[PDB]
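Okay, so here's the structure we're looking at.
All Cβ positions, even for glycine, are placed from backbone atoms using ideal geometry, and neighbour counts span all protein chains on display. Any read-out appearing in this document is the output of simple, stated calculations on the displayed coordinates, not a laboratory observation.
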Amino acid sequence: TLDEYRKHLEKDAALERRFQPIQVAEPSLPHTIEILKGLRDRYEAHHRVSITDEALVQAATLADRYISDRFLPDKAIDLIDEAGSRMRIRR
Amino acid sequence: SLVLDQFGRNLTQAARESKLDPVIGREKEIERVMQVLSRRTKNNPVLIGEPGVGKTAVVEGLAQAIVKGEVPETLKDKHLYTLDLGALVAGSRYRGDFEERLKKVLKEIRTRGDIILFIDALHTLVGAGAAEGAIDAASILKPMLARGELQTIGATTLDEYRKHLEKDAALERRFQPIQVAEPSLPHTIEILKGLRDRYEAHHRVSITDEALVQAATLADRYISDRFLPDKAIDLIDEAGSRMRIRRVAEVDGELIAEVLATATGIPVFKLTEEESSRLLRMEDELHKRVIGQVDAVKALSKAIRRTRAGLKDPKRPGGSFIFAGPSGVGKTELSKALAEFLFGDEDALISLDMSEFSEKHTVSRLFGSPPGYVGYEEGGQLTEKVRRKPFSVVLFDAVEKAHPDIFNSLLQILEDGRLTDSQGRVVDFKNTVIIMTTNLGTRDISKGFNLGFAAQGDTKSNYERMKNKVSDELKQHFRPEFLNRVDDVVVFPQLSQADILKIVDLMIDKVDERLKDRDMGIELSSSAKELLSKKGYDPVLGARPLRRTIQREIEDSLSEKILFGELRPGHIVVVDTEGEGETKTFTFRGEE
Ligand SMILES: Nc1ncnc2c1ncn2[C@@H]1O[C@H](COP(=O)(O)OP(=O)(O)OP(=O)(O)O)[C@@H](O)[C@H]1O
Ligand SMILES: Nc1ncnc2c1ncn2[C@@H]1O[C@H](COP(=O)(O)OP(=O)(O)O)[C@@H](O)[C@H]1O
Ligand SMILES: [Mg+2]
């Protein structure tokens with residue numbers, strides 16, 4: 001992470017010199033929707049439920065808009081996982 | 001030499017096999033190293049220097065000179081062995097195992113007198129042995145080093161030399177330090193020319209002289225946290241790897257520029273026709289979001305074009321602007337539009353709300369706490385953001401509402417393009433665009449005349465009077481040295497009726513997007529737009545009263561209709577006007 005890179009890895013300049021940093025940026029909304037579409041199969045298999053495309057779009061949009069403490073790819077998956085668990089316990 | 005080969009590596013043998021890269025232009029350092037080595041009492045040189053300047057390269061060049069070429073007497077046919085110091089510690093569980101290995105190595109070295117030791121990372125020599133019953137390597141080596149019975153070479157950086165070697169003054173006094181300075185630009189060019197053959201052979205490509213020159217110049221100018229030889233070598237190697245993977249292959253300037261731009265994000269790649277055409281139409285692209293304010297758009301476009309054309313001063317930021325004007329005219333909207341045009345959206349802007357910097361002791365939020373104070377390790381807040389994104393737009397909103405001392409910290413930003421945090425690190429600002437927004441000298445826009453008798457009247461429009469007032473207030477509020485560093489001061493005139501009529505379309509489009517979020521839509525007639533423009537228009541308060549009027553006259557009715565149930569998904573609403581004169585009102589009709 002950026003904080004760990006600055007706080008710890010930069011205290012040893014000789015070790016930090018031997019690495020080439022690469023920036024991994026937070027994905028945009030369409031990229032998050034594609035990721036959710038990709039992981040829908042695995043999450044449906046684990047939770048024994050079915051997820052609609054509208055559910056993925058709503059999860060991505062709502063996570064991007066309202067939840068502001070984390071970053072997009074994870075907080076969108078969290079809503080889907082929580083919904084799956086809530087639906088599973090109801091049986 | 002079996003015991004030496006078990007816990008070390010023969011550098012001279014490797015140099016005889018051409019397994020070491022050539023060393024260019026280090027004659028003075030090698031000469032001084034040999035001169036120190038051929039001493040009588042303390043012949044132990046240590047090379048201290050910044051990481052990546054070529055400290056190990058000096059030792060490798062000395063080994064190559066010993067193997068082939070001319071070296072002074074007492075150094076003819078000497079074997080230079082690198083002591084890894086990691087194998088000695090390994091496998092020494094029982095008491096007196098590290099000491100036995102060290103004593104055996106020293107005895108072999110004394111027996112075979114043509115041996116010179118090299119110990120990379122000399123700071124690790126302190127406390128080599130573990131706790132309990134053990135004698136560390138430094139204390140064992142001290143007597144031989146003091147008397148000159150063991151020629152050795154060390155290499156460290158300044159940080160751990162001052163941090164570890166200087167703690168043990170007794171061991172520190174036995175070594176003669178030699179400074180290794182970072183090479184200049186022509187020396188780096190010569191080094192690149194020397195290593196070109198090896199890198200071309202490894203990557204099976206061809207590298208031009210212009211490629212080396214461009215790599216050296218760009219690495220010197222744009223990369224900040226590294227040092228010149230390593231930066232240039234990394235650029236050349238990565239460009240060669242990229243071209244090899246793409247597949248005679250040839251590496252030239254544009255590939256180096258593209259690699260650097262991809263690595264850092266600063267736009268330095270070669271200009272194409274499409275990008276040039278896009279840059280020549282920057283004003284038209286920006287006007288899609290900002291109505292009016294032609295002068296500010298021209299200034300911003302000129303600054304961006306000058307930056308991209310290659311005529312920017314390489315020691316100052318790309319541009320510095322003071323946007324002064326009344327409320328609700330588009331000062332922040334223009335900055336957001338510029339950010340969206342530049343990177344991908346208004347979310348990439350670096351915005352500071354100067355209303356929080358009311359007290360002069362808040363300036364630490366730009367630098368960080370000094371050493372020995374809470375929050376010292378966290379560093380600065382602006383410095384970190386700029387360092388993690390060298391090419392960005394920095395905005396200071398409502399500059400007049402902060403204490404008139406925080407901006408004393410902007411001087412070095414606006415003239416030298418740099419800022420130092422409390423930890424001593426320098427973060428450059430040479431690729432940023434600085435915008436400072438204010439409404440100073442705009443309190444008298446709704447003024448008719450001045451006190452006292454006067455014949456005829458002021459023929460100057462509001463723009464000229466407001467410009468003079470802004471200039472006077474700016475000179476009154478800021479120091480002359482701060483205003484002498486600002487590239488441009490742009491005054492924003494008020495909006496006219498046509499500007500409001502045009503902004504109505506953008507606001508209606510935003511409302512339409514909000515409605516379409518729920519699968520709906522809204523369409524207005526020309527009469528509706530004209531009525532909305534007429535109802536909300538105040539020359540003093542800008543385009544915010546238009547927003548309030550739009551919300552009151554449209555959104556309340558739309559919410560009432562949606563909650564009731566008349567408007568449902570799959571339907572669109574059409575807004576028209578009824579009545580005449582001052583009794584004209586709006587009518588909403590549903591439609592599929
Ligand atoms: N020239 C303009 N073109 C388009 N929209 C505008 C323009 N001026 C103002 N607006 C609208 O009015 C809103 C408020 O204006 P804005 O935030 O740009 O004001 P400002 O000039 O920064 O003033 P303040 O001194 O109040 O900060 C904008 O978000 C935009 O919707
Ligand atoms: N004088 C020089 N001639 C050729 N190459 C050099 C020279 N100095 C440094 N280099 C190159 O710089 C690279 C890294 O240098 P390095 O030996 O790691 O320095 P340090 O040991 O101080 O970190 C090496 O691969 C080397 O090829
Ligand atoms: Mg504003």
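Side notes on the structure shown:
- 30 Å Cα-Cα threshold exceeded, pairs from A:75/B:336; B:535/B:561; B:193/B:389: B:193/B:389
- Among B:212, A:39, B:567, the order by Cβ neighbours within 10 angstrom, fewest to most, reads A:39, B:567, B:212.
- For region B:384-530, taking Cα atoms only, Rg and Dmax work out to 22.0, 64 Å respectively.
- Region B:98-209 shape via C-alpha gyration tensor axes, a/c threshold 1.5: prolate
- Taking amide H as placed 1.01 Å from N in the peptide plane, the amide H of residue B:572 sits under 5 Å from that of B:591, B:592, each at least 5 places away or on another chain.
- All C-alpha to C-alpha distances of region B:508-579, sorted into 5 Å bins beginning at zero, yield P(r) values of 3, 15, 25, 25, 17, 10, 3, 1, 0 percent in whole numbers.
- Cubic angstrom per residue, convex hull over Cα atoms of region B:326-410: 108
- Vicinal HN-Hα couplings computed from phi for region B:488-493 (Karplus, 6.51 cos²θ - 1.76 cosθ + 1.60; Hz; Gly/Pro x): 9, 10, 10, 9, 9, x
- Estimated vicinal HN-Hα couplings, Hz - region B:282-293 in sequence order (Karplus 6.51, -1.76, 1.60; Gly, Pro = x): 5, 5, 5, 5, 6, 6, 5, 10, 10, 9, x, 6
- Relative exposure of B:482, B:429, B:391, B:449, judged by other C-beta atoms within 10 Å (fewest first): B:449, B:482, B:391, B:429
- Alpha-carbon spread of chain A, three principal axes, descending order, Å: 57, 24, 22
- The chymotrypsin sites (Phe, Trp or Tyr not before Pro) of region B:79-153 meeting both criteria, a DSSP state outside H, G, I, E and B (loop) and at most 10 other C-beta atoms within 10 angstrom of the site's C-beta, are B:94.
- Note on residue B:475: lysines with a C-alpha under 25 Å away, same-chain residues under 8 apart excluded, are B:298, B:331, B:360, B:401, B:447, B:460, B:467.
- DSSP assigns beta bridges within chain B; of those with both partners inside it, close to 25 percent run antiparallel.
- Stokes-Einstein D in µm²/s, Kirkwood radius over Cα pairs - region B:95-147 at 10 °C with 1.306 mPa s viscosity: 131
- Chymotrypsin sites (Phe, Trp or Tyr not before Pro) restricted to DSSP loop in region B:501-586 with at most 13 other C-beta within 10 Å: none
- Convex hull volume of the C-alpha atoms in region B:181-249, normalised per residue: 84 Å³.
- Whole-Hz couplings from phi, Karplus 6.51/-1.76/1.60, listed for region B:18-25; x for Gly and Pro: 6, 9, 10, 5, x, 10, 10, x
- For region B:1-155, the C-alpha radius of gyration divided by 2.2 N^0.38 Å, with N the number of residues, is 1.05.
- The alpha-carbon atoms of region B:69-116 define a convex hull whose volume equals 70 cubic angstrom per residue.
- Rounded if a/c under 1.5, otherwise prolate or oblate - region B:409-459, Cα gyration tensor axes: prolate
- Cross-link pairs exceeding 23 Å in C-alpha to C-alpha distance, out of B:42/B:107; B:163/B:430; B:103/B:163, comprise B:163/B:430; B:103/B:163.
- Fewest-first sequence of A:5, B:222, A:43 by Cβ atoms within 10 Å of each Cβ: A:5, A:43, B:222
- 5 Å-binned pair-distance histogram of region B:240-284 (Cα, whole percent): 5, 19, 20, 21, 17, 9, 5, 3, 1
- Compactness of region B:451-519 is given as radius of gyration and Dmax, 20.4, 63 Å, from Cα positions.
- Between the amide H of residue B:128 and those of B:137, B:138, distances stay under 5 Å, these residues lying 5 or more places away or on another chain, with hydrogens modeled in the peptide plane.
- Taking all Cα pairs closer than 8 Å and separated by 6 or more residues, the relative contact order of region B:190-245 comes to 42 percent.
- Diffusion coefficient (Stokes-Einstein, Kirkwood radius over C-alpha pairs, 25 °C, 0.890 mPa s) for region B:288-373: 157 µm²/s, rounded to a whole number.
- Charging the Cβ of each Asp and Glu at -1 and of each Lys and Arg at +1, and nothing else, the dipole of region B:89-185 about its Cα centre rounds to 380 debye.
- Local electrostatic count at residue B:79 - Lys and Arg +1, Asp and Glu -1, tallied over other residues with Cβ under 15 Å: +1
- With the biggest extent put first, the Cα atoms of region B:446-592 measure 62, 41, 21 Å across the principal axes.
- Distance histogram in 20 Å bins (all Cα pairs of the protein assembly as shown, percent per bin): 13, 33, 31, 16, 6, 0
- Close amide H contacts of residue B:293 (hydrogens built in the peptide plane, cut-off under 5 Å, sequence separation of 5 or more or a different chain): none are found.
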